[PDB]
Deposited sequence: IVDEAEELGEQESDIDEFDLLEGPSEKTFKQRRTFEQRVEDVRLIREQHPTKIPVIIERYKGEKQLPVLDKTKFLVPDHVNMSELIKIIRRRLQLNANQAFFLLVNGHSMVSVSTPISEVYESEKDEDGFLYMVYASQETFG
């Protein structure tokens, strides 16, 4: 009996936007941008169908505008404590340079830049 596991069916993983109202997200960005004008408000979440990489401990981040995607990837890799073999991809609008430029092009209606990470470059 205790040779076998019982998987507990849990609730669905919920995204940041369903965890926080759009007005709270706009007030979040508005306050953080007036007071930290050189830092980009970034949402980083695990791809919903991801089954190799662990979950990050936080979701809402502020990234200095001089940080590029390659440096950001390395930061998230140590936060997840990945080993050198583990694959990691960070997707903005499904697509795998300084973040401020990504921010100006891809930021959300609510002012956040949304990113999704996975162990594959795929959809």
| property | result |
| --- | --- |
| Missing CA stretches, deposited numbering from 1, N-terminus first | 1-13, 110-114, 142 |
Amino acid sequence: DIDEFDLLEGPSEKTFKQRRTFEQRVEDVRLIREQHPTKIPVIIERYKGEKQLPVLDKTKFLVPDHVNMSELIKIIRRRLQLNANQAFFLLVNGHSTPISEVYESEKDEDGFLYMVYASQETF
From here on, numbers count along this sequence of modelled residues.
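Here the rigid core means the biggest group of C-alpha atoms that line up within 1.5 Å when the two forms are laid on top of each other.
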| property | result |
| --- | --- |
| 28-36 against 74-82 - segment lying farther from this form in 8 other deposited structures of this protein (CA RMS, rigid core fit) | 28-36 |
| Between 110-118 and 17-25, larger RMS Cα displacement in 8 other deposited structures of this protein after core fit | 17-25 |
| 27-35 set against 75-83, stretch whose average Cα temperature factor tops the other in the entry | 27-35 |
| Record-listed C-alpha B factor of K58: chain third | highest |
| Entry-reported Cα temperature factor of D110, expressed as the chain third it lands in | lowest |
| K51 by Cα B-factor - lowest, middle or highest third of the modelled chain | middle |
| Lowest, middle or highest third - CA B-factor, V92 | highest |
| Chain-wide C-alpha B factor ranking for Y117, given as lowest, middle or highest third | lowest |
